[PDB]
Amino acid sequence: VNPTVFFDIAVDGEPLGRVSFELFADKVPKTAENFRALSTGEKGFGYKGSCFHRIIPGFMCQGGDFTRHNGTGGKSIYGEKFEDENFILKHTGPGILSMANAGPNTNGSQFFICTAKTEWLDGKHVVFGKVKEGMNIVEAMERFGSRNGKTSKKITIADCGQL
């Protein structure tokens, strides 16, 4: 039973709304479990209170750096980084949830949510979930982005967990 997790999104501290995700544990169980546990915070660390540091309208919203809060950090539940599990799933359109990385086998905690098809990322980023409810919250985040991804307001995961 593929787990479901939620993010409660705030903009400069003001509630925006809830995004929920289905995590594809059936095809990418290690990568899904990392994101699930970071969402509950059950390891004593995780996404709660972290920000979406890069938002590029027309492409994606990226977040998950809860260690440094500057877009360079983040860590998995298995160590600082872990290997690419598989590239079975593709970046087929808006709402795909996929792992950010710094090259092969460098998954940590950073993730991105597609706002468009990004097929040139297929085979380089592990796709592991999809927005299930609240895609319009992600769409709403785009108006805070820019061409190079710098955000004009602080977009935070005010709360998160497992449904």
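So that there is no doubt, residue numbering starts at 1 and follows the sequence shown.
Notebook entry, point to check: Taking the recorded C-alpha temperature factors, which stretch has the higher mean, 22-30 or 98-106?
Noted result: On average, C-alpha B-factors are higher across 22-30.
Notebook entry, point to check: Which is higher on average in the deposited entry, the C-alpha temperature factors of 36-44 or of 53-61?
Noted result: So the stretch with the higher mean C-alpha B-factor is 36-44.
Notebook entry, point to check: When the modelled residues of the chain are sorted by Cα temperature factor, does residue 151 land in the lowest, middle or highest third?
Noted result: Ranked within chain, residue 151 CA B lands in the middle tercile.
Item checked: Third of the chain's Cα B-factor distribution that residue 129 belongs to, per the entry -> It belongs to the lowest third of the chain when residues are ordered by C-alpha B-factor.
Check: Split the chain's modelled residues into thirds by Cα B-factor; is residue 70 in the lowest, middle or highest one?
Finding: Answer is highest: the recorded C-alpha B-factor places it there.
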